[PDB]
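Survey of secondary and tertiary structure
Given next are the chains, with one letter for each unit.
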Amino acid sequence: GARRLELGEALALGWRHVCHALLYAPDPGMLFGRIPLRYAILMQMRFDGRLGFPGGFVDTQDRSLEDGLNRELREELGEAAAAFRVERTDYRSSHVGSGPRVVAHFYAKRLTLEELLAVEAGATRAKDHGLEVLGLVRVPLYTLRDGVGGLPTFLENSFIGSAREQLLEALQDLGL
Amino acid sequence: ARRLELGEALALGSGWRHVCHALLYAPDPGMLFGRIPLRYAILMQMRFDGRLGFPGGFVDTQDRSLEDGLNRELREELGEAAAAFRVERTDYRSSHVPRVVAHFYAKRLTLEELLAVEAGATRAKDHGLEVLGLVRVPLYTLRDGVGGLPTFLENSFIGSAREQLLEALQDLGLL
Ligand SMILES: Nc1ncnc2c1ncn2[C@H]1O[C@H](COP(=O)(O)OP(=O)(O)OC[C@@H]2O[C@@H](O[C@H]3[C@@H](O)[C@@H](COP(=O)(O)OP(=O)(O)O)O[C@@H]3n3cnc4c(N)ncnc43)[C@@H](O)[C@@H]2O)[C@H](O)[C@@H]1O
Ligand SMILES: Nc1ncnc2c1ncn2[C@H]1O[C@H](COP(=O)(O)OP(=O)(O)OC[C@@H]2O[C@@H](O[C@H]3[C@@H](O)[C@@H](COP(=O)(O)OP(=O)(O)O)O[C@@H]3n3cnc4c(N)ncnc43)[C@@H](O)[C@@H]2O)[C@H](O)[C@@H]1O
Ligand SMILES: [Cl-]
Ligand SMILES: [Mg+2]
Ligand SMILES: [Mg+2]
Ligand SMILES: [Mg+2]
Ligand SMILES: [Mg+2]
Ligand code: NA
Ligand code: NA
């Protein structure tokens, strides 16, 4: 897919910069009792008809990449997002997007389960709800019985740009 | 799957199980970007297997009817905002065919009822467990031509929900 860049290497090009973020939180619940949920991971169904992570374009009124990311999260989720900040400490990888001079920045934030729920809960009151944002979904991590149902089936769905691959890496690296 | 009449499908042996699901929808005067008219908000959901489907579940013997069994599953899967209405036999659509025959419904609500339904749908009993969240079908197609609804239909669905969506979009002039 799109070439993997360094931050500064990509930051060098004077271009459209777009940041998205995976909010996760640890999950002691079990499906049916049997199945481990492990973590609760927040994606969203976009206006595209594709699955993906929240956030969006970085503009000229953004003091830093983070400012725009944290801005585009509040737009898409409402004021549950104002309980945290995704801090570049969270920055994971960059990819050259299919748009005219479009780099894509991927973040991953560890929230607590108690913060994460209130995001879902405040999502109908969001500014872009039923507009850019159609609906928040969780990611299934368990994959069982069928040997195909669960996560694998989930990843057969459509994903925006590089979200599938961003999602896979986060599961690998942050050990599963 | 393969179509059948309702009575035909009610005339069946003890080894058969029945399952009910309902397409909820409401008129929407809003527009995407203040330009693309939206039309209706049509709720679908992310299942435990990552297959896109409609609210609903098995009828089972303990519910008095198919409608009851739908409405109960609907309050479990969607939360207590589904108690604001009740999806009757006059909201039934079709019956399709392991040994199961699946019934599909379409219920037209207010915009305010359907919006109130999304807010409470995280407090639902099956949220996190059975259901992993709610979504709206985009009905528009974007100027690129691929985007919008067509790209939403590229997703992997459960049983015949796709057929049932495409059916429900044309059949009451949502297309
Ligand atoms: N992991 C990933 N990996 C990779 N790329 C990823 C990834 N995740 C997401 N992306 C996506 O991230 C980009 C933007 O997506 P978003 O996440 O939604 O960012 P966002 O929330 O800040 O805003 C979205 C934009 O809003 C729209 O704007 C309207 C409107 O303002 C109006 C005015 O447009 P302007 O040209 O004046 O706006 P500017 O773009 O110039 O600022 O027309 C736009 N529009 C409508 N249809 C089209 C079209 N077919 N082609 C181009 N533009 C279109 C679109 O241009 C954009 O999709 C690409 O779509 C790319 O696919
Ligand atoms: N449009 C549609 N058109 C048509 N069919 C449709 C449509 N939409 C949904 N369906 C499906 O609605 C039926 C099930 O009801 P649901 O719609 O999911 O609503 P519901 O809330 O009652 O949930 C049914 C679930 O199924 C039950 O448990 C599972 C699981 O634990 C499992 C436990 O043992 P297994 O080893 O068999 O698990 P699997 O190997 O089967 O995955 O038994 C149930 N189950 C799991 N997978 C399947 C399958 N492919 N076919 C039939 N039953 C299945 C209940 O505990 C759950 O509630 C059929 O699975 C059917 O495929
Ligand atoms: Cl604004
Ligand atoms: Mg946005
Ligand atoms: Mg977006
Ligand atoms: Mg059930
Ligand atoms: Mg259920
Ligand atoms: Na924006
Ligand atoms: Na409209």
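Residues numbered from 1 in each chain as written, not as in the entry; some residues may be left out. Chains lettered and ligands numbered in written order. Heavy atoms only, no water.

X-ray crystallography is the method the PDB entry lists for this structure, together with a resolution of 3.2000 Å.

Residue and element names in this part refer to chain B. Listed under "binding site: Mn(2+) 1" in the UniProt record, and renumbered for this structure, are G56 and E77. In sequence the annotated residues extend across 22 residues, while in space they remain close, none of their C-alpha pairs exceeding 7.1 Å. With respect to the helices, strands and loops of the structure, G56 is situated in strand 5 (residues 56-58). Accessibility expressed as a relative area gives 11% for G56, which makes it buried. If we ignore the near neighbours within four places in the chain, the residues touching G56 are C20, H21, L70, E73, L74 and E77. Positionally, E77 belongs in helix 2 (residues 66-78). Other than its neighbours up to four places away in sequence, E77 contacts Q45, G56, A124, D126, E130 and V131. (UniProt positions renumbered as here; feature names shortened; annotations may be inferred. Helix = DSSP H or I, 4+ residues; strand = E, 2+ residues; numbered from the N terminus. Buried < 20%, exposed > 50% of the residue type's maximum accessible area, 1.4 Å probe, protein only. Contact = heavy atoms within 4.5 Å.)

Residues and elements named next belong to chain A. UniProt records the feature "binding site: Mn(2+) 1" at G55 and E76, using the numbering of this structure. Its location among the elements puts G55 in strand 5 (residues 55-58). Taking relative accessible area as the criterion, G55 reaches 2% and is therefore assigned buried. Excluding its chain neighbours within four sequence positions, the residues that come into contact with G55 are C19, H20, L69, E72, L73 and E76. Mapped onto the secondary structure, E76 falls in helix 2 (residues 65-77). The buried category is assigned to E76, whose relative accessible area is 3%. When neighbours within four sequence positions are excluded, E76 is seen to be in contact with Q44, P54, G55, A126, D128, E132 and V133.

Following the criterion strictly, the structure yields 10 aromatic pairs over all chains and no others. Ring plane angle 85° and centroid distance 5.8 Å describe the contact between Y91 of chain A and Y107 of chain A, whose orientation is recorded as edge-to-face. Taken together, the residues span a long stretch of sequence, with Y91 of chain A in strand 6 (residues 91-97) and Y107 of chain A in strand 7 (residues 102-110) at a distance of 16 residues. Judged by its relative accessible area of 0%, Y107 of chain A is buried. The residue whose ring lies beneath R16 of chain A is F57 of chain A, and the NZ or CZ to ring-centre distance is 4.6 Å. Sitting above the plane of the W16 of chain B ring, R99 of chain B keeps its charged end 5.9 Å from the centroid. (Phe/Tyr/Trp six-rings, centres within 6.5 Å; stacked < 30°, edge-to-face > 60°. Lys NZ or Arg CZ within 6 Å of the ring centre and 35° of its normal.)

Near ligand 2 you find 19 residues, and of these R145 and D146 of chain A together with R47, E77 and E130 of chain B are the closest. The separation between an oxygen atom of ligand 2 and a polar side-chain atom of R145 of chain A is 2.5 Å. The side chain of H21 of chain B places a nitrogen or oxygen atom 2.9 Å from an oxygen atom of ligand 2. The set of elements that each furnish at least two residues to the shell around ligand 2 consists of strand 2 (17-28), strand 5, helix 2 and helix 5 (161-171) of chain B. Counting residues per element, the shell around ligand 2 draws most heavily on strand 5 of chain B, at 3 residues. The residue makeup of the shell around ligand 2, split by class, is 7 nonpolar, 6 polar and 6 charged. (Near = heavy atom within 4 Å. Polar contact = N/O pair within 3.5 Å; in protein donor to acceptor, adjacent residues only side chain to side chain. Nonpolar A, V, L, I, M, F, W, Y, C, P; charged D, E, K, R; others polar.)

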